[PDB]
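Let's start with one chain on its own, the form deposited in one PDB entry, as structure tokens.
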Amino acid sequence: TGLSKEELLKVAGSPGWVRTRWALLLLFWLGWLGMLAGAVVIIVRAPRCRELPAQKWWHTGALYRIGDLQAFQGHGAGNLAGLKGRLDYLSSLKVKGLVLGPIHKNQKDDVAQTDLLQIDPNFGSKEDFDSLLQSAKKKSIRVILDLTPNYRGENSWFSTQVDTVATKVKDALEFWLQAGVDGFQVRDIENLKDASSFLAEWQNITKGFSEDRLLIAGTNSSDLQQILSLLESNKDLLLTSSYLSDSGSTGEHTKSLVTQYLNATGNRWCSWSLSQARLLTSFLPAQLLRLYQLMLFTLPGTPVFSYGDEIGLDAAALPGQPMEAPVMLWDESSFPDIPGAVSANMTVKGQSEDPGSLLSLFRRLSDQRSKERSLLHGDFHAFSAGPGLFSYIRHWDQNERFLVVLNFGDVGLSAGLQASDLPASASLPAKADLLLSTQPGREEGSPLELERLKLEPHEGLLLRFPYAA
């Protein structure tokens, strides 16, 4: 071996080695206090993280307007009880709202006979409504009932009366909230006498019953000065207007149309929708329909969609249908009036299995809106780009940043995005791995360069880049 001895060591060890054994024993114990104070200084010099805002249920996800119950599932199975079977489909969409149509037995312009407390017998009863609310509560889907009283007449809110129709609504606020609906909507508030002071009485009883309730109000006013006069008294009101219903096919228009709305309201919580009760197939063609679903799901606010929006259900395609309430295309026999009129991709059954369809873009965007912290309440900072295109950054404190580049032109335009107009906390690097794109033909997950970004016509692409230093 290599031993010395026990006894031979102690007569040879430590004549002056005891000086080096004490001095090196303190050099360890002094460097450990330098490693202890040097590890508390790093924690304090590490800055902070931001406190998460108090998120309500409509802040996290999208709502889903269901106008006509009989046309959502079909005239054979059209009931409130038949709506319960489709709750498994909407939970795949990961929507959080169920803003269903008014069901309060209107009598076609007779103010004394439209009681808002009593459900129409053509839809069901009281007992199937609460079990619909009990069934939706297990899947965490919130049901919003709207109380626009004259919904089958040519003008809502009963133009011959000014006061009895108003207290007909106010009595029904404390009636349906007993049954536990999680909000209310009032469409067409442009046809009201003293509209901006009647929402403030209705948002009292909606918030005063419980804090987790909401009120939605719909106009058709597309002017900026009319909307802000409605939001100058109330603040926590979702107002779905017709503000974006114009063309916006030039790129610098919609950049100047969206960033004027957040700048005038002071970056509050808004709701992004192209209309109040109309689909996205109106107001814009079918090649920009995948470009707006990427825009509406990434803007700061609650995106509101109508039924048949995820599949691009055009009312002007199938003949013999009312324009406001088209039939939802469930299977090949969902429209049994004209045989041989629907395609395979023009059906929610064929849209589901196609990995490059339009429903596959909705479902792949709806989960990333609902689960990602930088899209839930991340800051919005749009910046300049080339001749016509829209580009903006969604960013939060430390989370995964997002960068959307939307091209509204028709030529294969290069992006040319300049990062000089950003704050230093959320600047972009040279590489950012792609996440999704509207038209396929790009390698997803591949980190591409952000200076040479050649873009196709009608091609909006979603990139992400991590927090760096």
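In this text, residue numbers run from 1 along the sequence as written. Residues that one form lacks are left out of the comparison. Take the two forms, superpose them, and find the largest set of C-alpha atoms that agree within 1.5 Å; that set is the rigid core.
There is another form of the same protein, the form deposited in another entry; it is not shown, and what comes next is about it.
- Fitting the two forms on the rigid core leaves the C-alpha of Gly13 displaced by at least 2 angstroms between this form and the one not shown.
- The Cα position of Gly31 differs by 2 Å or more between this form and the one not shown after fitting on the rigid core.
- Residue range 1-34 is the only run of 3 or more whose C-alphas all shift by 2 angstroms or more between this form and the one not shown once the rigid core is superposed.
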